[PDB]
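Written below as structure tokens is the structure these notes are about.
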Ligand SMILES: CC(C)CCC[C@@H](C)CCC[C@@H](C)CCC[C@@H](C)CCOC[C@@H](CO[C@H]1O[C@H](CO)[C@@H](O)[C@H](O)[C@H]1O[C@H]1O[C@H](CO[C@@H]2O[C@H](CO)[C@H](O)[C@H](OS(=O)(=O)O)[C@H]2O)[C@@H](O)[C@H](O)[C@@H]1O)OCC[C@H](C)CCC[C@H](C)CCC[C@H](C)CCCC(C)C
Ligand SMILES: CC(C)CCC[C@@H](C)CCC[C@@H](C)CCC[C@@H](C)CCOC[C@@H](CO[C@H]1O[C@H](CO)[C@@H](O)[C@H](O)[C@H]1O[C@H]1O[C@H](CO[C@@H]2O[C@H](CO)[C@H](O)[C@H](OS(=O)(=O)O)[C@H]2O)[C@@H](O)[C@H](O)[C@@H]1O)OCC[C@H](C)CCC[C@H](C)CCC[C@H](C)CCCC(C)C
Ligand SMILES: CC(C)CCC[C@@H](C)CCC[C@@H](C)CCC[C@@H](C)CCOC[C@@H](CO[C@H]1O[C@H](CO)[C@@H](O)[C@H](O)[C@H]1O[C@H]1O[C@H](CO[C@@H]2O[C@H](CO)[C@H](O)[C@H](OS(=O)(=O)O)[C@H]2O)[C@@H](O)[C@H](O)[C@@H]1O)OCC[C@H](C)CCC[C@H](C)CCC[C@H](C)CCCC(C)C
Ligand SMILES: *C\C=C(C)/C=C/C=C(C)/C=C/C1=C(C)CCCC1(C)C
Ligand SMILES: *C\C=C(C)/C=C/C=C(C)/C=C/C1=C(C)CCCC1(C)C
Ligand SMILES: *C\C=C(C)/C=C/C=C(C)/C=C/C1=C(C)CCCC1(C)C
Ligand SMILES: CCCCCCCCS[C@@H]1O[C@H](CO)[C@@H](O)[C@H](O)[C@H]1O
Ligand SMILES: CCCCCCCCS[C@@H]1O[C@H](CO)[C@@H](O)[C@H](O)[C@H]1O
Ligand SMILES: CCCCCCCCS[C@@H]1O[C@H](CO)[C@@H](O)[C@H](O)[C@H]1O
């Protein structure tokens, strides 16, 4: 406890945790080699989100950064979580659409830069600089979203209707959800202090649980994952 | 020198080093594309263990963590070593058994969580919390071992007898050896101080050399690695 | 500004940045699945070099290390950059030559050790030790270069002449360029202070831009990347 946002963290820890248990149980005895990958990728996302949120609740994933003439509390664990989970979500989309290795590598590369560059931004002591990294990170994201919206859709159009429509849903959700992140970051205590850490944490929480549990639900409950 | 455990560290450095030289020399001119992978994975394990142990001997891989109302010496390099070496050992087992990519990804994912979560546990300042991470890490391990014992055996049963029996041996050794780690950690200066750092280091040393040099010996000296 | 080497850093940031824009634009609408990988790998190298150089210019990728009875400025970001970019360059060479997965894994493994071990060397407080890690790192490099010069050439000899000769060029450039790194490091402020940080930074700059932009140019402007 202590920190006023501890509650959104513990709630997030709980949801990632149960979300994992459920996906695990649901994938129990699934032999389809293709479904397995989908289950392994999707189940690993919340499992990681769980460990990271718990680190924020317990205090480990929290550090202090001086900028703006003050010591600001920065949750680095969010980045460590995203670093490993965004690529997996990208893999799910790639497997569903049967993307070229070349484009998978670019997206993954684009993603690592986005999170890494975003983490650098969060830990920068010169207020003004935080926004530069936020722009480099956001540009990287637009590149990923641009390719997922156009390139992948075109790819999904060659799969059977169940796959095509499930991808469309997953596609619309990732574009909307992902674009919300740089916004919250910009208005939260890491960029402009237009919003308090308390709210900043609640937003990322809902944004995080939707992207990892919801996304998993949408995909795993469709037949789209079966060869 | 200095630290009373320097000797187990230097001895470990020596053994990882010679273990690498030997595996390297032994793999010299091997054309079998399958044997090569086995040699590349197995030879890389001690090569990494070498660099990490040397970092502990020289002092770099040693840090201090306050918990229990004291500054405890923590060898983080052990974790950095394990982070990269456990996945490789898992790859060896997977290649021997011809595991599904989906299960390879889950194990690797399970493994990163195990070591990462274990490293977080080692660096936590709130004594009580160290044990929580130890449980999350140990649960992750049981998942890996459960899948390697049942899932893989079943897989090996479809390979020729040389492969089947070599896997059985490797399987029995990893289960026994791996389960020893969380125990040493629990009774060592990182959990309950039932045992001194001096002994704690000697145990991990023997546990480490057996798992990386011994395991490599067992596998590399069998015909099991040949297509 | 401030640091006397800021200029070589900003110039490097600019060149990596433009080098990326150009490779991106050049790869615009390329359908050849093989060419795409080549473009994705090659374009990602400078994109990462860009983010890292910018971190050095802005000051983030700069830290201070005490050794020799003084606080020496150490640019860790160089290592973080190399950690991700050398493996990619290795992948390009591997794809051009169609290397065995086993050898790809060994080189990548050899490379991570080289950079990691080199980073450890840069951050070591005991002057004398810095040179030990420099030797372990350099040995790792010789292993990579030895395999790229002999093993790969032999491999390229089985491809069509355009591929064979482009590889020869790329091969000669990586051997010469890569061997220059441990030298600059040895004579620069990180090893023997025979050369000032100012020059040390200018050399790595030219060495870096040549290896990432030049290399990319040579490869991407040849037909060698087409199946
Ligand atoms: C697997 C996955 C896909 C990839 C994951 C990336 C991961 C593996 C690696 C990163 C690389 C690593 C090997 C390099 C680490 C070296 C290590 C020694 C340095 C670590 O520090 C870097 C951290 C920053 O730490 C900072 O935050 C903490 C917590 O808040 C602080 O405690 C710490 O001090 C901070 O350090 C920064 O500030 C220091 C400031 O010190 C002093 O501070 C005072 C005021 O307090 C004054 O300002 C002083 O100034 S003065 O008075 O002296 O003048 C000032 O000195 C600095 O000294 C430090 O240097 C530092 O700025 O951040 C890590 C950031 C990220 C992870 C790195 C960049 C990653 C890049 C974007 C990745 C692209 C990867 C992509 C995935 C490619 C995939 C390719 C495939 C193969 C295809
Ligand atoms: C490639 C491989 C498979 C993956 C490898 C993972 C690797 C790449 C990445 C980790 C991610 C990275 C990008 C984020 C780094 C950000 C960086 C700025 C922070 C680094 O710190 C994190 C370290 C902890 O450092 C701590 O230990 C050192 C050494 O002992 C200390 O010097 C340092 O200070 C410590 O920092 C902790 O404590 C700080 C405390 O500061 C103050 O301390 C005082 C007392 O001393 C008081 O307690 C103060 O309190 S108060 O008074 O102010 O109130 C207190 O503030 C904190 O401030 C710090 O925040 C911190 O708690 O640990 C890193 C841990 C691990 C590596 C991260 C979690 C990883 C997760 C389990 C990985 C799953 C990966 C799996 C492999 C997925 C694979 C997916 C595939 C694609 C399929
Ligand atoms: C994805 C890619 C391919 C792989 C990338 C590797 C990356 C993911 C992971 C590294 C692993 C990580 C999980 C472990 C991190 C734990 C963390 C808590 C520790 C981090 O510290 C390690 C840093 C060093 O930080 C140091 O530099 C900064 C900046 O300058 C300092 O601020 C910091 O303090 C430094 O810490 C060192 O010094 C400390 C000293 O403290 C005190 O200092 C005073 C003087 O100032 C006195 O000397 C004190 O002495 S005394 O008085 O008390 O007696 C002294 O205590 C120490 O306490 C610290 O312990 C430390 O020495 O470095 C990270 C180095 C590298 C990245 C790790 C080794 C990596 C290895 C070679 C990798 C092989 C990988 C290969 C790629 C395999 C691929 C396999 C495939 C699956 C096939
Ligand atoms: C954990 C699940 C998901 C879907 C995480 C997504 C995170 C992002 C898209 C983060 C993007 C960032 C940008 C674009 C710039 C500001 C820094 C961020 C890392 C928050
Ligand atoms: C380097 C070679 C091997 C086989 C290393 C294995 C390490 C483990 C199985 C470590 C497990 C841990 C657990 C289960 C919980 C406590 C923290 C540890 C990381 C020690
Ligand atoms: C970013 C582009 C390239 C080609 C980087 C190459 C870097 C090296 C070959 C670095 C080698 C090192 C050695 C051999 C020993 C000293 C420490 C270094 C990391 C500089
Ligand atoms: C704390 C560790 C959490 C690890 C989570 C791993 C995600 C595992 S998904 C699981 O993977 C199996 C392969 O092993 C498939 O056969 C199953 O169908 C699938 O559901
Ligand atoms: C310090 C750097 C240590 C690097 C260790 C790399 C392990 C290399 S194993 C070696 O890989 C070759 C492919 O290159 C195979 O052809 C050989 O049969 C096999 O034995
Ligand atoms: C800041 C983020 C920078 C990201 C850089 C990614 C490198 C992308 S190369 C690009 O990849 C496409 C697949 O997506 C191929 O179809 C194109 O032919 C090729 O040119």
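Chains as they are written, first to last, in the UniProt record's numbering: chain A, 18 to 244; chain B, 18 to 244; chain C, 18 to 244. Backbone N, C-alpha and C fix where the C-beta goes; we use that ideal spot for every residue, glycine too.
Spatial neighbours of residue 121(C) in its own chain (CB-CB distance under 8 Å, excluding positions within 5 residues in sequence) are listed in chain order as 107, 108 and 111.
Pairing residue 29(A) with residue 226(A) gives a Cβ-Cβ distance under 9 Å. Residue range 88-91 is occupied by the beta strand (DSSP E) that includes residue 90(B). Secondary structure of residue 83(B) (DSSP, three-state): strand.
Spatial neighbours of residue 61(A) in its own chain (CB-CB distance under 7 Å, excluding positions within 5 residues in sequence) are listed in chain order as 105.
Proximity of the beta carbon of residue 218(A) to ligand 2 is not indicated: no heavy atom of the ligand is located closer than 8 Å. Inclusion of residue 222(B) and residue 23(B) in the CB contact set at 9 Å is not warranted, their separation being larger than that value. The C-beta of residue 88(A) comes no closer than 9 Å to any C-beta of chain C.
Annotation note: the segment 138-190 of chain B contains the following uninterrupted alpha helix (DSSP H) runs of length 4 or greater, listed N- to C-terminal: 144-163 and 170-173. Here the alpha carbons of residue 56(B) and residue 168(B) stand approximately 24 Å from one another.
For residue 50(C), the C-beta contacts it makes with chain A under 7 Å involve 117 and 119, in order along the chain.
Flagged as an interface residue toward chain C: residue 140(A), by a C-beta distance shorter than 9 Å. Shown here for residue 166(B): same chain residues with a beta carbon closer than 8 Å to its own, the five before and five after excluded, namely 188 and 192 in chain order. Counted as a single uninterrupted DSSP element, the alpha helix (DSSP H) harbouring residue 104(C) occupies residues 94-114. A direct Cα-to-Cα measurement between residue 41(A) and residue 86(A) gives close to 46 Å.
For residue 110(C), the nearest beta carbon of chain A is not closer than 9 Å to its own beta carbon. Under the three-state reduction of DSSP, residue 209(A) is assigned to coil, being neither helix nor strand. CA-CA distance, residue 159(C) to residue 129(C), rounds to 14 Å.
Between residue 54(A) and residue 237(A), the CB-CB gap reaches or exceeds 9 Å. Within the same chain, 203 come within 7 Å of residue 209(B) by CB-CB distance, once the 5 residues on both sides are set aside. Between residue 93(B) and residue 80(B), the C-beta spacing is below 9 Å.
For residue 129(C), the CB stays at least 8 Å from every heavy atom of ligand 6. For the segment 55-72 of chain C, the set of positions with a beta-carbon nearer than 9 Å to some beta-carbon of chain A reads 55, 56, 57, 58, 60, 61, 64, 65, 67, 68, 71 and 72 in chain order. For residue 217(A), the enclosing alpha helix (DSSP H) starts and ends at 214-226. The DSSP-derived three-state label of residue 18(C) is coil. Within the same chain, 107, 124, 127, 128, 131 and 195 come within 8 Å of residue 161(B) by CB-CB distance, once the 5 residues on both sides are set aside. Taken through DSSP and simplified to helix, strand or coil, residue 40(C) comes out as helix.
Sequence-distant Cβ neighbours of residue 184(B) in its own chain, meaning closer than 8 Å and more than five residues away, are 110, 113, 114, 169, 170, 173, 176 and 241.
Within 8 Å of the CB of residue 124(B), no CB atom of chain C is found; the nearest one sits about 17 Å away. With respect to the 9 Å criterion, residue 75(A) and residue 149(B) are classified as neighbours on the basis of their beta carbons. Separation of residue 182(C) and residue 215(B) (C-alpha to C-alpha, rounded to the nearest whole angstrom) is 57 Å. Residue 185(A) does not reach chain B, its nearest Cβ partner there being about 24 Å away, counting only Cβ pairs nearer than 7 Å.
DSSP places residue 53(A) inside the alpha helix (DSSP H), whose first and last residues are 50-74. Within a 10 Å sphere around the beta-carbon of residue 207(A) sit 16 or more other beta-carbons, which makes this residue buried. Cβ contact annotation for residue 155(B) (same chain, cutoff 6 Å, sequence separation greater than five): 199, in chain order.
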